[PDB]
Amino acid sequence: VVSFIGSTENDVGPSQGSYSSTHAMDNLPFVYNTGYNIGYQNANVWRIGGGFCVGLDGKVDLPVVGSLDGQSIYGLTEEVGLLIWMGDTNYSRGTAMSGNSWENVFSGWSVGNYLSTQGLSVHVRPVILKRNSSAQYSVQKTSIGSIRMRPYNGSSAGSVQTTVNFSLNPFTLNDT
């Protein structure tokens, strides 16, 4: 059994976050290592129980403008892009996203003869694609994509909500 207990619209990263780096940035694309700072995490989005089996699919809607180490660089503006990870609750379990199709981002688990929950997480890292004289780049709130629970091994969502969405909070990049 399962029920939706989270939120449909979720903001990624703190509003007006400030991200800076002391790294030179001589060769692009340059990735800001913001760790999991620009992210959203919730260990409790659906409640499940009684042998329910569920995993997660993820989908990014931003245009793909290239890749880095087998993971797509999604474009936000001509100068800024993102690397994106979606997956189970723990940020560490994030699956590097590529493409714009629904992708398996959490292989899943089966809750035993008890009650528990299924959560999720998303984090992104900003990428400098093109130079700028101002050195500073501000990004506006922007839709990223979505995550959907994937019941398996017989389990079924029924009419319980399966998808939640994500928006990137605005932020600024400050190249020291």
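In case it trips you up, residue 1 is the first one in the sequence shown, and so on.
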{"item": "Higher-B stretch (mean Cα B-factor, as the entry records it), 147 to 155 or 60 to 68", "value": "147 to 155"}
{"item": "Stretch with the higher entry mean CA B-factor, where the candidates are 160 to 168 and 20 to 28", "value": "20 to 28"}
{"item": "Member of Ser110, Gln41, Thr142, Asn37 with the greatest C-alpha B factor (per the PDB record)", "value": "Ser110"}
{"item": "Largest Cα B-factor, entry values, listed residues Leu120, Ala135, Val124, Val127", "value": "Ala135"}
